[PDB]
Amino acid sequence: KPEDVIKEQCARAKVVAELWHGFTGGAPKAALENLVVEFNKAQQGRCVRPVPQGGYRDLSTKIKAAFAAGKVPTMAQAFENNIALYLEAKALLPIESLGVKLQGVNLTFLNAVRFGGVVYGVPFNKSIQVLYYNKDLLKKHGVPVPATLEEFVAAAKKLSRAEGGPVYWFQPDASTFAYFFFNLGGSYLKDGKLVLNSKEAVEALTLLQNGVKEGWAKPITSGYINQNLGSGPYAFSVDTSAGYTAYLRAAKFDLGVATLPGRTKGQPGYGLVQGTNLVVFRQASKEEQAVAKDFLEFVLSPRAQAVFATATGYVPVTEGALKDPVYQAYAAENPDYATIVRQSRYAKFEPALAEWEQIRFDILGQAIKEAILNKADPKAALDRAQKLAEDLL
């Protein structure tokens, strides 16, 4: 494989810097390991070991264990909220103390990893939500790509009527809620305080539940949306750009990628930023830190960013990445790459509080499933969510 190549690289190494990640397979995993092999080849017995830990939630659970055992890897993927938690432990090294150079890096991703003036993460695999669509099925019924939230709902109801089933496919999770929430004018923080049960949150959870009843919105409860394609007519999903190639290779129809429907034609909708930043832990040996520095400079390089971004659909984190010829060759051939970049300009983050991982999954994500799947009243599922959260915070 690639993992076999790396283990052999790491066996004849003097210094190994462990990189713990939440890639379970497909392109994120291949493209991460192909990049590590190139780095390991270019070094003289200095080496990065990538250790898959399962997914992002398994990943944060394994870093929590590591803090109890007091044995941290050199490097890990981390969200903004994961970084918050590891900083409460003062467990992370400031990235510019390594003199890792950060100019070029898009403010969007860079602002998100700076805490009290100080950067503690390197943006590595950053995604934006886009509107995936079935170009064949819009073209057939003469339905334009919808620009605004109102045209998106019209278009959904029209194509579901025409084709005999619900055409807007989604996962009833916090990530999909955030697209409708953010675009009905919603905000997580009000005067310093977390709110999950605001008028915009009920509006967004009520829009999704209305969609299910009305036969235009399809909950996917088993696998990614792209893994369910070919069961019933599909027109639309709002899904991470990091699935881009997995939709490409799954879809038996002509795939489209558009910017998100917004409130008005004046401006695309906001997408949620997902994916992770690379952090380096203080308990790593100076030798291990030296490898971390070099690895981080590699992954920020235009070529390695070009090859990552093009293999997956993640957003290139630098200016220099868009001016690389491998990127410019992929994009001159496939306009969905410039769509994903154009969508990266209209980008919102979940709140970066340490406890937000727990909250997004077991509380706000449980309130979304109770409404969509068990017909709980939207306001009553988010009133519960907000109390459980307030009791945790």
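One rule holds for the numbers: they count along the sequence shown, beginning at 1.
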{"query": "Per the entry, higher mean C-alpha B factor between 204-212 and 104-112", "finding": "104-112"}
{"query": "Per the entry, higher mean C-alpha B factor between 170-178 and 84-92", "finding": "84-92"}
{"query": "Highest-ranked of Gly117, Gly320, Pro268, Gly313 once sorted by CA temperature factor in the record", "finding": "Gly117"}
{"query": "Candidate set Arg303, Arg282, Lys218, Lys126 [ranked by C-alpha B-factor, highest]", "finding": "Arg282"}
{"query": "Chain-wide C-alpha B factor ranking for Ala292, given as lowest, middle or highest third", "finding": "middle"}
{"query": "Relative C-alpha B-factor of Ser60, binned into the chain's lowest, middle or highest third", "finding": "middle"}
{"query": "Third of the chain, ranked by Cα B-factor, where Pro146 sits", "finding": "middle"}
{"query": "Third of chain Cα B-factors occupied by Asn34", "finding": "highest"}
{"query": "Cα B factor band for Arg342 (lowest, middle or highest third within the chain)", "finding": "lowest"}
